[PDB]
Protein chains: 2
Amino acid sequence: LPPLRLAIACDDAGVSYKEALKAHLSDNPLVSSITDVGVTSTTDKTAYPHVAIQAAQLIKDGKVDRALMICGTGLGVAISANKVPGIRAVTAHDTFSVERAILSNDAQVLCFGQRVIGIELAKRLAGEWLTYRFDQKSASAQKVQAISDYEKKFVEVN
Amino acid sequence: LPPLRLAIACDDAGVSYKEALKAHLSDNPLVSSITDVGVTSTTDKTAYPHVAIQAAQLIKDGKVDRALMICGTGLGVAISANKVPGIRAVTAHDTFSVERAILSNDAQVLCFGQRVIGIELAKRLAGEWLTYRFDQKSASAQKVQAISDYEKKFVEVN
Ligand SMILES: [Cl-]
Ligand SMILES: [Cl-]
């Protein structure tokens, strides 16, 4: 499998897991590069939506292939990333869901909650996530297409 | 606490849990009414985004207060509902996340994966979800506001 470009992002609640995950994935041959959009310190109180939107925009703009995002629960970052046109984001803490996020949902964004999941489980799930690749000709693609159809309703004016 | 109007939705993969959840919540004094957008049979192969968008639109349009959604993993419905302006949707399978979905994210939509969570845990989490009510004056509101700010970029033309 070809390696993928990743963005990684967290808020102040997700810093230590982000660092551990970044270290874990920097030796992985399925990862070509990691773009860290921050935050880089627990002292940085920047609200999670800014970091999630920045990392999601990197995908939309062709600068990375996927983004891994960490906050207290992993929920706020997932909500925020889904507001970006063409971006599909999930919070997932089990091996079956992480597989389906790719193979069913073609979701470019995976989110974790540092306060709710353990770090070894998170590392394991991130590694598995990279091994799945969405099939554009699958039956799931017709379902993803209905999400894309709805997104056609909107134009970005600002 | 005043009772809330709920919408409920599933695809074919979430029918039995949806029925059990609906039965569970129909006796609950925190629920004023349940609007079921379907599907109502495993024979109905309608793709999850249609049902998720319909139920999310009920919230946007002031017909219900929140929506509970069920599919195989709970991920596709959450992604879809988040595409609707002003709607914030999560997949959550633990008591801490379900609390924060309300108290931090003001998320009107909660999603479950029938194939990954057990029915008694799902029933328990749905009951707890109703007991939390978002505080518009909380510090979390300023974070939710950044998501709303981003949504201001888009106009619905179709
Ligand atoms: Cl697991
Ligand atoms: Cl739990």
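Residue numbering for chain B follows Swiss-Prot; the residues present correspond to positions 6-163, in that order.
Going by what the header records, the deposited coordinates were determined by X-ray crystallography, 1.8 Å.
Just so it is clear, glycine is given a Cβ too, placed from its N, Cα and C backbone atoms.
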Listed by Swiss-Prot with B:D16, B:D17, B:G77, B:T78, B:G79, B:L80, B:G81, B:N110, B:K148 as binding D-ribulose 5-phosphate, from among B:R120, B:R129, is B:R120
Filtering the binding-site residues B:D16, B:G77, B:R120 for a C-beta under 8 angstroms from chain A leaves B:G77, B:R120
Quick note, B:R120 (D-ribulose 5-phosphate binding site): same-chain residues at least 6 apart with CB under 8 Å of its CB -> B:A18, B:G77, B:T78
Span of the recorded D-ribulose 5-phosphate site, as the biggest CA-CA distance among B:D16, B:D17, B:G77, B:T78, B:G79, B:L80, B:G81, B:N110, B:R120, B:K148 in Å, is 35
Those recorded positions among B:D16, B:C76, B:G77, B:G81, B:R120 lining ligand 2, judged by a Cβ under 6 Å from any of its atoms, are none
Simplified to three states, DSSP reports B:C76 (active site, proton acceptor) as strand
Cβ proximity for B:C76 (active site, proton acceptor), under 8 A, sequence spacing 6+, ordered by residue number, returns B:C15, B:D16, B:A18, B:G19, B:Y53, B:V82, B:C116, B:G118, B:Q119
Cβ density check for B:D16 (D-ribulose 5-phosphate binding site), other Cβ within 10 Å (all protein chains) comes to 27
